[PDB]
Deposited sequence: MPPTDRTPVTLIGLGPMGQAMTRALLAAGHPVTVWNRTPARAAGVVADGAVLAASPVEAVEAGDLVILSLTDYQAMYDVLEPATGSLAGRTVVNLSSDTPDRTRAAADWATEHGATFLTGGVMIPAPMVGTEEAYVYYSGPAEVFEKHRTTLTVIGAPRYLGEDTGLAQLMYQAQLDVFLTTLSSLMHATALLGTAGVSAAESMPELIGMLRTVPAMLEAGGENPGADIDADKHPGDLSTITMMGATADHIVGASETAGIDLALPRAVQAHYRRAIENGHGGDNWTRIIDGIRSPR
């Protein structure tokens, strides 16, 4: 379609999403707290609205790409009288319960609301590897599906506005924790004079094979199948201890490896040392 889209928030993601939408033939009206930041997308065909009200009134679809949901309230408060009959799609990080309350806030101002969690960095927006989680009213998703698909293949999760946000937080839980561990291991090796340039390829090389190493688990966790034939919590917990020890001696952050160590210690304390590592999920669920 060539339906008009409004996009508020021109960080790298809003800029990429704007460009994707322009390339696909949508007129895009933008607004940004910092108008100078819109110069690039305006040169590429975006229209810079002078005020939030003007931006909101430009289209029946308002996409938000902001750091958090407080930013949505900040920018849309002067425009709440212009929301009726439009769909707000918030593509921003926050808690699921912030998101759920925001959806009701939209309804109160006469708008529909969809939650989106964009699952790739800005350069990958609008490519074949892009995808976005969505949740909220099915009818509102279907209405805008074809426009939204320009950004990334949609994965609709259902009616709960919180759910796409929960999926995003869970995905970023894995992503951010993995990244922190890469920096932690890089730091640890750096302590014996190993370059990050030497370290990081070794660590990434291993990380690339992790899905495979795991398959050499979801249903098993659901089925309580935690058998320790090829790797026990005892043995992995010992390695967790060795990492804490090495970290202590290296003088680097202890909080991250200690959180991991605790997952194993809890499982052993509860009498499941002989089980597979998936067993640590029980202590995680019940601190």
Given the full deposited sequence, which segments carry no C-alpha coordinates? 1-4, 221-224, 296
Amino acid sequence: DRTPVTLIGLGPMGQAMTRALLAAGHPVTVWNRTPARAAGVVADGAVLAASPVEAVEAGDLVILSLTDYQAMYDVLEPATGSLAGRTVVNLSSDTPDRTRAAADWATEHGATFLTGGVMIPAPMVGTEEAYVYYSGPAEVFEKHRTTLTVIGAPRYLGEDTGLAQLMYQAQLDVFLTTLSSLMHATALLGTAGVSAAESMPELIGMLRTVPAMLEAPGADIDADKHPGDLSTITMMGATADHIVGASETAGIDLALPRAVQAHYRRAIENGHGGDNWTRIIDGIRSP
From here on, numbers count along this sequence of modelled residues.
For 106-114 versus 205-213, entry-based mean Cα B-factors point to 205-213
Quick one: higher average CA temperature factor, 226-234 or 27-35? 226-234
Top Cα B-factor in this entry, restricted to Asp68, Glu248, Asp220, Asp241, sits on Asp220
Using the entry's values, work out which of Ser92, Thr177, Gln169, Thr191 has the largest Cα B factor. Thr191
Going by the recorded CA B-factors, say which third of the chain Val41 sits in, lowest, middle or highest. middle
Among the modelled residues of its chain, does the C-alpha B-factor of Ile280 lie in the lowest, middle or highest third? lowest
Ranked by Cα temperature factor within the chain, is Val53 in the lowest third, the middle third or the highest third? middle
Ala259 - Cα temperature factor, lowest/middle/highest third of chain: lowest
For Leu61, return the chain-relative third of its C-alpha B-factor as stated in the PDB record: lowest, middle or highest. highest
